[PDB]
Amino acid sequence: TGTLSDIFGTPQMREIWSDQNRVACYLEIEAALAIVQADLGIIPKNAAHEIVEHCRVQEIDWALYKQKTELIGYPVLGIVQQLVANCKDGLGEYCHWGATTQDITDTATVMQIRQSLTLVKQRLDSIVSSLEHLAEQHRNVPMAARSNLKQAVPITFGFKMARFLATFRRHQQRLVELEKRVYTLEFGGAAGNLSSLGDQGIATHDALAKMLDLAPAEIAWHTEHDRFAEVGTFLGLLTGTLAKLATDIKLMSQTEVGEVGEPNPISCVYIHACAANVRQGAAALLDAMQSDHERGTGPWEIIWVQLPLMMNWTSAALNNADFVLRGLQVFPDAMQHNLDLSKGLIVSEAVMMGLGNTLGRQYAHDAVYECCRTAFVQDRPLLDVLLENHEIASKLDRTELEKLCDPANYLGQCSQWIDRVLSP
């Protein structure tokens, strides 16, 4: 394949959305339709048997199919033409009975989405497993939290990972919830009412849905693209979180920080570009919801292009995030070094709390604040400046004071918050 096809895509996701799997879905739908309609007495029983026997992607002439599609303008009837020609005894004229091409394309797209989300669920399960392990392994490793890219107060690396873990669990819930809407048959014919099937239209629809393990539709949805668009916005939300992970890991991999390492942050690079492309594709799928009347004049076709791209981009981002988290290098010594840069300023709030009991909470804040900025101007440890304050030094000895100035003693309830995420 192409040089970059497996860098911004993956083999597995490329296969699902390939021409071969797409047509294979078409053929399974035509097969299930023939079987259903024979059982209902709509078409003769030979014909179903002969049609099903020729619903094999290996018999397709791809070059002719491309020609016919460019020249019909839509991608299904070129396959129906070869199916009729490969059946004997004129029995092929009973295939595609009452269908329109968008019944086949919509339902095939549903089938490909289900295959795609199987891969996504597996990657998510693996990512969640890695984050559960990392939150526990590094539960007590202290590090500087950062607000506006400036050090704030200490936290633990496990706490950081538990926050990603909780987010991906919410994405897992979103996925399961949309599946019950998305895994739905589309079978409505030219205008949605299956007019050519008369009083057998709904009966055919419901039987076909059961054959394909899909929910029956309430009504036709050929220009009602909320199911596909919702898949796209979910991909946007998920890669949004993947892009945050890539951002934080690449920030922690700067030469001047050195707190983690990928197993150059190339995986983070690919995640970032993939997420950027997916979010704009989501806007395009929202745009496509403007499909006019009973078959959209353009909007529908946006989905043909964007959905396979977005799925491929997302699988590549998921692949890279899974790989990084599963072999992530963590460097507690660099984390400790960065905690010590401010020479105590990062835990001034811990000094205020300890001294608040003897001097008053508000007064302790103001007193320690003055010591902080004094320590900043002179580039000296806060401990040295605190000890030069009789009001402070008369109420806390050195042993207590370097304890309060030790960044590793101001972790708050990080461990209990981690337990709250791990327990469910």
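Residue numbers run from 1 along the displayed sequence.
Deposited residues lacking coordinates between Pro263 and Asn264 (none, 1 to 3, 4 to 9, 10 or more) = Unresolved stretch here: 10 or more residues.
Between 42-50 and 58-66, point out the one with the higher average CA B-factor as the PDB entry records it.
-> Result of the comparison: 58-66.
Of 224-232 and 204-212, the stretch whose C-alpha atoms average the higher B-factor in the entry = Per the PDB entry, the higher value belongs to 204-212.
Tell me, lowest, middle or highest third: where does the Cα B factor of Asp322 rank within its chain?
-> Its C-alpha B-factor, which the entry lists for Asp322, ranks in the middle third among residues of this chain.
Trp313 - Cα temperature factor, lowest/middle/highest third of chain = As the PDB entry reports it, the C-alpha B-factor of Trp313 lands in the lowest third of its chain.
Ordered by C-alpha B-factor within the chain, which third holds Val23? Give me lowest, middle or highest, please.
-> Its C-alpha B-factor, which the entry lists for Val23, ranks in the middle third among residues of this chain.
Please rank the C-alpha B-factors of the chain's modelled residues and tell me whether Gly354 sits in the lowest, middle or highest third.
-> For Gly354, whose C-alpha B-factor we compare with every modelled residue in the chain, the answer is the highest third.
If you rank every modelled residue in this chain by C-alpha B factor, which third holds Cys95: lowest, middle or highest?
-> As the PDB entry reports it, the C-alpha B-factor of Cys95 lands in the highest third of its chain.
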